[PDB]
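A lone chain, given as structure tokens: the form deposited in one PDB entry.
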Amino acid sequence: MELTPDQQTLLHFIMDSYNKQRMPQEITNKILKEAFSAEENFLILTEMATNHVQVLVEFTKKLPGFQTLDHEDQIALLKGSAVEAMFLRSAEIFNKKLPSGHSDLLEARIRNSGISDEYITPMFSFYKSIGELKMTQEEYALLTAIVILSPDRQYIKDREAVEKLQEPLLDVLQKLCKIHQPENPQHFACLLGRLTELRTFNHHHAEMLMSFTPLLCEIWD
């Protein structure tokens, strides 16, 4: 069926936060003008990943009911979703927001930034599988909100309070898949199936760190 006026208010409020968030021009111009080397390619990724942490906190702050949660759970939800939310945002940027040369130049930069092949190949297989879904900005905004408000995270004291905030967002997303994709009735299960693929990046990222920026060090280690 169709979204209720209550769900429309909830979607508009999420989009108000998500749509304002953009990659700065100084970083975008750096992808095309900076020198190509393993050290410089790694530096651009640090600047990008740092910017995402400020973007994540700003989006999470506006999520209805997040500010009413226990302070320790607020930190655990941010730390637990930092990696997943970044790759989901990376998938959106790598499959959409690119003029003519940025797409291929950034791929070359990621591949030649000193990150091992065992971590590189799953990234691009995830970007390609997500790109086949042909998701809209609404679906990206909701999936990010669902990734952040995950009650299954480690060291969460009040998991039920997280479940209460997540459930309205899964319901809006379920209704969106039925409306914009009625010919593919299994589209919703496919979106959630890509989340188990997103979760495998957590162990890959931890391994990559054992082999920055004050903000990145706090959210990671």
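Heads up: residue numbers just count along the shown sequence, starting at 1. Under this definition, the rigid core comprises the largest set of C-alpha atoms superposing within 1.5 Å between the forms.
Beyond the structure shown, there is the form deposited in another entry, which is absent from this document and is the topic of what follows.
- Large C-alpha shift between the shown form and the other one, rigid core held fixed: of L98, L133, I146, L78, this applies to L98 alone, with a displacement of 2 Å or more.
- A displacement of 2 angstroms or greater separates the C-alpha positions of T28 between the shown form and the other one, with the rigid core held in common.
- Core-superposed comparison between the shown form and the other one: the Cα of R89 travels less than 2 Å.
- Here's the thing about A141 and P24: their CA atoms end up at least 3 Å closer in the other form than they are in this form.
- In contrast to the form presented, in the other form the C-alpha positions of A145 and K97 spread farther apart by 3 Å or more.
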